[PDB]
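Examination of the molecular architecture
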Amino acid sequence: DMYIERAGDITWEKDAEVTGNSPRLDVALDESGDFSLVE
Amino acid sequence: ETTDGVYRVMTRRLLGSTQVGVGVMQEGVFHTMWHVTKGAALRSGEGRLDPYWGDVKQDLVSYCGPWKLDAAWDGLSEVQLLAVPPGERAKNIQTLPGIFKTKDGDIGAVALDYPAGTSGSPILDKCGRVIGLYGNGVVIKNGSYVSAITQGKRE
Ligand SMILES: Cc1cnccc1NC(=O)c1cccn(C[C@@H]2CCNC2)c1=O
């Protein structure tokens, strides 16, 4: 049985931890909602 | 509880209380990823949320009403992932999204790695609007995880 618990407000926060890159990837999406890489 | 904001999706089925995902309450509608709940009903205190709309291919599901989130990534600016990790506080992380090029169009993508129970955490633009949900993606050639910015359609 599942339940929800509030975790916070949805706001943009200035001076947040900036990380992660921006890769451009060729992908395919199947009938089951699974993404895969096309090469 | 129907106040706007980010929520944890939990279960008491396995050992202790386990966080299976995250979701967004907006305009009386709860939005999450299909793989988090599998379309099952949800409890909110003494209340009950029934599924309203869902799609396994988009990997999205809405509760109490139709999908309300219609903001889109502008294809240029940095965005924030409001990550809600299991057993840890809500944390904003800023990044410039990459792209998933598909035969049906380009989609924004965030290169951030978090526990599986973080699926459903919202992605925001500079005005605080939800441009999509984190948690459906792929593993690249180095073992790292890259998620789509998955957005529904507001009817
Ligand atoms: C969210 C996340 C964050 N960080 C690392 C890994 C994951 N996740 C997965 O590796 C994963 C493994 C199996 C199944 N699904 C969900 C299916 C994908 C289409 N819908 C079902 C997953 O997301």
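Per the conventions used, each chain is numbered from 1 along its written sequence, independently of whether this matches the entry, and residues without coordinates are not displayed. Here chains are named by letter from A upward and ligands by number from 1 upward, in the order in which they appear as written. Hydrogens are left out, water is left out, and the side-chain values use all remaining heavy atoms of the structure.

Deposited coordinates in this entry are attributed by the record to X-ray crystallography, at a stated resolution of 1.664 Å.

Going by the PDB entry, chain B carries the name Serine protease NS3 and comes from Zika virus.

**Section: the side chain of B:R8**
Put simply, DSSP H or I for four residues or longer makes a helix, DSSP E for two residues or longer makes a strand, and each gets a number counted from the N terminus. With respect to the helices, strands and loops of the structure, B:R8 is situated in strand 1 (residues 5–11). For the buried B:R8, no salt bridge exists, and the shortest N-O distance to an oppositely charged side chain is 4.7 Å, to A:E5. A distance of 3.1 Å separates polar atoms of two side chains, one belonging to B:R8 and the other to B:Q19. Among the polar contacts made by the side chain of B:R8, one reaches the main-chain carbonyl oxygen of B:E88 at a distance of 2.7 Å. Burial classes follow relative accessibility: with a 1.4 Å probe on protein chains only, a residue under 20% of its type's maximum area counts as buried, one over 50% as exposed, and anything between as partly exposed. Positive charges come from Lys and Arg alone, negative charges from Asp and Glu alone, with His and the N- and C-terminal ends not counted. By salt bridge we mean one thing: a side-chain nitrogen of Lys or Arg within 4 Å of a carboxyl oxygen of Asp or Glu. Pairs of N or O atoms are called polar contacts if they sit within 3.5 Å, as long as, within protein, a hydrogen donor faces a hydrogen acceptor (for residues adjacent in sequence, only side-chain-to-side-chain pairs).

**Notes on the pattern of salt bridges**
Pairs may arise between side chains of opposite charge once their charged atoms sit close together. Under the defined criterion, the tally for this structure stands at seven salt bridges over all chains. A salt bridge links B:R43 to A:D1, with the nearest nitrogen and oxygen atoms 3.7 Å apart. In this pair, B:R43 sits in strand 4 (residues 42–44) while A:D1 sits in the segment before strand 1 (2–8), so the two residues belong to two different chains. Assessed through its relative accessible area of 26%, B:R43 is described here as partly exposed. For A:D1, a relative accessible area of 68% corresponds to the exposed category. Linking B:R129 and B:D125 is a salt bridge whose minimum nitrogen-to-oxygen distance equals 2.9 Å. You can call B:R129 partly exposed: its relative accessible area is 47%. Residue B:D125 is classed as buried on the basis of its relative accessible area, which comes to 12%.

**Structural notes on the pairing of strand 9 (residues 91–95) of chain B**
Of all five residues making up strand 9 of chain B, four are buried, and the element is well covered by its neighbours. Looking at chain direction, strand 2 (residues 17–18) of chain A and strand 9 of chain B are connected through two bridges and run parallel. In the strand pairing of strand 9 of chain B, A:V18 is matched with B:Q94. Two strands pair if DSSP finds at least two bridges between them. Of the pairings in the sheet, the one linking strand 8 (residues 79–83) of chain B to strand 9 of chain B comprises five bridges and is antiparallel in character.

**Comments concerning the sheet that holds strand 3 (residues 29–32) of chain B**
Across the sheet, which stays open at both edges, the eight strands sit in the order 5(B)-4(B)-1(A)-1(B)-2(B)-3(B)-7(B)-6(B) with mixed pairing between neighbours. The open sheet has two edge strands with one neighbour each: strand 5 (47–49) and strand 6 (51–55) of chain B. Sheet twist, expressed as the average angle between the axes of neighbouring strands with direction ignored, equals 30°. Strand direction decides the pairing type here: strand 4 of chain B and strand 5 of chain B, joined by three bridges, are antiparallel. Directly across from B:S44, in strand 5 of chain B, lies its bridge partner B:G47. Interaxial angle, 0 to 180 degrees, is taken between N-to-C directions of lines fitted to C-alpha atoms, where a helix line uses only the stretch in contact.

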